[PDB]
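Visitor: Pasting in a structure now, in structure tokens, and then I'll have a few things to ask.
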Amino acid sequence: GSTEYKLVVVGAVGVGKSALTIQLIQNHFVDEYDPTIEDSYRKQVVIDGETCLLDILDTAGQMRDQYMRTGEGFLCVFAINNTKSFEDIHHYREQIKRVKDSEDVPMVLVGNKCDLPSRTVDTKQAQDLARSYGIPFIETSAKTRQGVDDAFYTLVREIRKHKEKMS
Ligand SMILES: Nc1nc2c(ncn2[C@@H]2O[C@H](COP(=O)(O)OP(=O)(O)NP(=O)(O)O)[C@@H](O)[C@H]2O)c(=O)[nH]1
Ligand SMILES: [Mg+2]
């Protein structure tokens, strides 16, 4: 078996967690909203010449300790027209560090819905927060597929760097 990576997608209700994950796995988008309880998915990919098995947990917007314990890296999603969702990232991250007992947990900040018109969260404020945390920031649109593969592949790169360092 090729290296397995356990990725967990977290963020507020309605930000696009499910829409990003379904683009990655099935290559389509839907407008209809079906709220998530707890979903999981598996996908084989090649990243930087290496075959990876991605094991993805797609979490509910509104159980937390257990997924924080199992995940190796976290996709922290907000929507660019949802100020509260952006503010919520601080609270997710604190809960993660506390569960892992560690200042260093692989994470990627994702600002989704970049296809929409009136953004209430600006790029600079998100870039600033990612610089503070020492993690990457990626803008995405699950509607168009812009950035989707980059978001997940970057998270795997962050997990690889963390194993190297911990060694
Ligand atoms: N314009 C646009 N709409 C999107 C985008 N991503 C998701 N949406 C829309 O936003 C709504 C919520 O998407 P969804 O994937 O269900 O969000 P979620 O974060 O999984 N919700 P939950 O926490 O309840 O499981 C749907 O109407 C969906 O089509 C996007 O990038 N752009
Ligand atoms: Mg969902």
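First residue shown is number 1, and so on along the chain.
Cβ from N, Cα, C; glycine included.
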Visitor: In Swiss-Prot, one of 33-41, 42-50, 114-122 is tagged motif 'Effector region'. Which stretch would that be?
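Guide: Here Swiss-Prot associates motif 'Effector region' with the stretch 33-41.
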Visitor: Write down the residue from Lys100, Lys143 that Swiss-Prot flags as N6-acetyllysine.
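Guide: Among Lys100, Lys143, the one Swiss-Prot marks as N6-acetyllysine is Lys100.
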Visitor: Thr3, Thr36, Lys100: which of these recorded positions put a Cβ within less than 6 Å of any ligand 1 atom?
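Guide: List returned for ligand 1: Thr36.
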Visitor: Any idea what the Cα distance is from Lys100 (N6-acetyllysine) over to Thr3 (N-acetylthreonine), rounded to a whole Å?
Guide: 22
Visitor: In whole Å, how far does the CA atom of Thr3 (N-acetylthreonine) lie from that of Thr36 ((Microbial infection) O-linked (Glc) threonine)?
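Guide: So the alpha carbons of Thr3 (N-acetylthreonine) and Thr36 ((Microbial infection) O-linked (Glc) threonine) sit roughly 28 Å from each other.
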Visitor: Just checking: Cα distance in Å between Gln62 and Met63, the two residues bordering 5 missing ones?
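Guide: Flanking Cα atoms: 10 Å.
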